[PDB]
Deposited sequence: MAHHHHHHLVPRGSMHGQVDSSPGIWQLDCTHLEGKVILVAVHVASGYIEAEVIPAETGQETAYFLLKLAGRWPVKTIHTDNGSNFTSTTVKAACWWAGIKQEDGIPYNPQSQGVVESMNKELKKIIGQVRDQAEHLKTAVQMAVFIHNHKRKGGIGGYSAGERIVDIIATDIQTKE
């Protein structure tokens, strides 16, 4: 479905990386966040929802994903939050692979940047542009054919 995303909180170099994977395309949005809080999560969600037609978000039961601030963002932006892991092993497999690919690309470009925040953005660029369609072209195609129906 065009609006399903899975959100995951991962740790690297003593930092917190929030990762949104568009399940149907493998497209990634990721960012190093100051702390694993509900405010940083809600903020990341508002950014993502103002950019893509986000309908449903799958997340684990982490405190940062079940906080009021997050429920409020979801209410405000018209997002259905589906909290709880497992929910769908096939969908979760695709998401785990995309995260695995992203961490691999991070290692490959880590020495081309001082800060982890830069290296994450470099890896998202590489991931989304890698080809024979790229994830960046798959998401656009999925959303464009959805507006046509």
Missing CA stretches, deposited numbering from 1, N-terminus first:
1-21, 153-157, 176-177
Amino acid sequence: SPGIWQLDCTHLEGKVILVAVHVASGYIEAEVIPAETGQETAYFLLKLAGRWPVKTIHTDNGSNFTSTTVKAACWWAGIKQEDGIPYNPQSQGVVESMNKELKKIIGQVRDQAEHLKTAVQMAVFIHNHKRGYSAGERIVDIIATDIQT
From here on, numbers count along this sequence of modelled residues.
Taking only the CA atoms, which stretch has the higher mean B-factor in the record, 8-16 or 21-29?
8-16
Once average C-alpha B-factors are taken from the entry for 60-68 and 47-55, the winner is 60-68
Ranking every modelled residue in this chain by its Cα temperature factor as given in the entry, which third contains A35?
highest
CA B-factor ranking of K100, expressed as a third of its chain:
highest
Chain-wide C-alpha B factor ranking for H127, given as lowest, middle or highest third
lowest
